[PDB]
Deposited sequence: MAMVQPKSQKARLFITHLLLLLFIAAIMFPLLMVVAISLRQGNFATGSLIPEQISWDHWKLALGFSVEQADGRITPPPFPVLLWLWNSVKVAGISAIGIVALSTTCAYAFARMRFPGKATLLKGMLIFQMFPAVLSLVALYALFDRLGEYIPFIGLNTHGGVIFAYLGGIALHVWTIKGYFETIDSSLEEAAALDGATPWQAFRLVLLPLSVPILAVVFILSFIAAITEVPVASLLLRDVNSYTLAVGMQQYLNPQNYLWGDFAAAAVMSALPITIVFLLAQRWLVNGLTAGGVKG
């Protein structure tokens, strides 16, 4: 039997340890106590009464989820293409580009805010990636410049055996057809993982607040909670309600991508 003896012991120890870890890392995330101090906060973000900032469920949550989904889809596509190229074909300057892109990946916002604000207010002319408050030009599909995911799909591509796409190429498939019909279906868990990471990064993105010109109506829920955080009152009992609301889309996206994740994809493929 593959199942080992004394499994109940290891299973029980693992369950107890995981439960204790869950409690320890959930206690600081018990943010709902400040909300449920008064039930009027859920004031009344979900429905009813009047709240000076607009009802997050229909506006801020929707904007955040739309931006996150679009950015994640574009990021996944671009990163998977770049990683396939880098990992499994040759072109001059490849190594130099990898080392460069790694170095230029890392940067703080102390330069980002001024440089990107200059970029946006210099853009000015008419293109769909409108620099100023757009909700469709900034952030939206414009978070696309990513290095971690390019590296991640590349490294995953290095794991998969090459002989599969070698046989595909020997069958007359162009590299595009091979990449579409062999490499991606066996590499789909990494696309799921990177999609998850991109969605969470886009959802919880407080910096790059280029939507400040139009700061009441539709814009990102992160900047919305930042507006909730006001110096002269430090009002939090309703501010954290938007955070607990934004806890939901990540859970839903994680479950949807969980339906994708699977092991043993390259099972029984090649010998040796």
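According to the record, the deposited residues with no C-alpha atom in the structure span 1-2, 45-66.
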